Structures are given as C-alpha cells and as structure tokens.
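Have a look at the structure below, then the notes.
When we count neighbours, we look across all protein chains shown, and the Cβ atoms used for this are built from the backbone with ideal geometry, even at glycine. Readers should treat all values here as calculations from the given coordinates under stated rules, not as data from a laboratory.
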Amino acid sequence: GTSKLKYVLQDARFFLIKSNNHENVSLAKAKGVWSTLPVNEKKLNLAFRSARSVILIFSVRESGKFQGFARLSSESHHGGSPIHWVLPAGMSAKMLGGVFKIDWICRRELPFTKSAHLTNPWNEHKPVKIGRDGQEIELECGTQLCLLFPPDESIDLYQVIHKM
Ligand SMILES: CNC(=O)[C@H]1CCNC1
C-alpha cells in the first residue's frame, strides 16, 4: 500500500541529491549513510531540526533516472569509520562534511520520463529532475515525486514511523 508512505511524507521536506557516480549511491544503500559538501550539510542539519521528515531523493548524474529516496535519521556527525566514497576528480575526502544516517524508503529507480509533469517552484518551476546537488524540492512536488516511484516491497515503513 501507499498509506504508511503518505504518513512518513506528511509535512516533510525534500532535497535533491546529485551523485557523480553509482558507486556512492550503492554505498549509501548498503551502509545507510550519506555525506555532502559543507554548504549542503549545514542546510540538511537545519532542515532535520525543522520538520518531522527530511527526504533525500537521489539521482546519479547522466543516468536519466532517480535511484531512490531515504529519510534522514540523524544530523551529521564526524569521526566514524571512513566511508570509501569515490569522489570526483578534484575532490578529496577532507572536503566533505559529516556523515548523516539515513533510512531508505525506496531503493527502486524512476526514470525522468515519468516525472516530466512535476515542476519545482523552488527552482523556477523547472522540471524536478533539474537542480543542483542540495536543491530543495517544494512539498507538493516532492510528495508527488516520491509517490511516482515503484513500491519497494523489501522495506517495512513501520520501522521508520517510530523514529518520528
Ligand atoms: C558521497 N557524497 C557525494 O558524492 C557528494 C559530494 C558532492 N555531491 C555529491
């Protein structure tokens, strides 16, 4: 069903996450973590305290798809086991911010061809696929985008609801 998902998404905030490679998204799906540059780390920490759910919607650059979405379960923290992210040419692990814990809500892909009717008011009403890493997605657009993904029957949202 979609009812528990709608409950998790009620009054949530949404952020577009752009990764240069599939390796980082696969790591995030396996380990339940994300890290971003400090400018975006600060925004996500503010958002985490402000709303009952903060949703990250992931897209690998040049893939033509989103790769899933997850909910922040923590603010960023430093000093864990170093995650072996593949950073793009010119980027070093020192340039990253802290580590956020995330709970995946959907690990399934959605092609951009399916979201062409959704525009993001916070990015000049451009199609929601368009945006820099960290672009916030307005509530209605983000809710409808998450509802377009195929259901991920491997995930039980009962375990996310209790953290809210
Ligand atoms: C693992 N973290 C990333 O790949 C971030 C870095 C900047 N945009 C995506």
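Packing around the peptides 45-54, 116-125, taken as the average count of other Cβ atoms within 10 Å per residue, puts them in this order, highest first: 45-54, 116-125. Less than 14 Å Cβ to Cβ from residue 20, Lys/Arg counted +1 and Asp/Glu -1: what total charge do the surrounding residues give? Once positives and negatives cancel, what remains is 0. Using the Karplus relation 6.51 cos²θ - 1.76 cosθ + 1.60 with θ = phi - 60°, the per-residue 3J(HN,Hα) values for segment 69-74 come to 8, 8, 10, 4, 10, 7 Hz, with x marking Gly and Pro. Let me know the shape class of the chain, please: from the alpha-carbon gyration tensor, a ≥ b ≥ c as square roots of the eigenvalues, rounded when a/c is under 1.5, otherwise prolate if a/b is greater than b/c, or oblate. Rounded. What does the charge count near residue 11 come to, summing +1 for each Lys or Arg and -1 for each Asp or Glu among other residues with Cβ under 12 Å from its Cβ? My count for the surroundings of residue 11 gives +2. Here is the list for segment 1-90: GluC sites (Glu not before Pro) lying in DSSP coil, each with at most 13 other C-beta atoms within 10 angstrom of its C-beta, are 62. Couplings 3J(HN,Hα) of segment 100-113, computed from phi: 9, 7, 10, 10, 5, 9, 8, 9, 8, 8, 9, x, 4, 4 Hz, in residue order, whole Hz [Karplus 6.51 cos²θ - 1.76 cosθ + 1.60, θ = phi - 60°; x for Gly and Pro]. Only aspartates and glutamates eight or more places from residue 126 in sequence, or on another chain, were considered; those with a Cα closer than 16 Å are 136, 138, 140.
When only Cα pairs below 8 angstrom with a gap of at least 6 residues are kept, the chain shows a relative contact order of 29 percent.
Nearest 5 percent is fine: what portion of the DSSP beta bridges confined to the chain is antiparallel?
Values: 18 of 25 bridges.
In the chain, approximately 70 percent of DSSP beta bridges are antiparallel ones.
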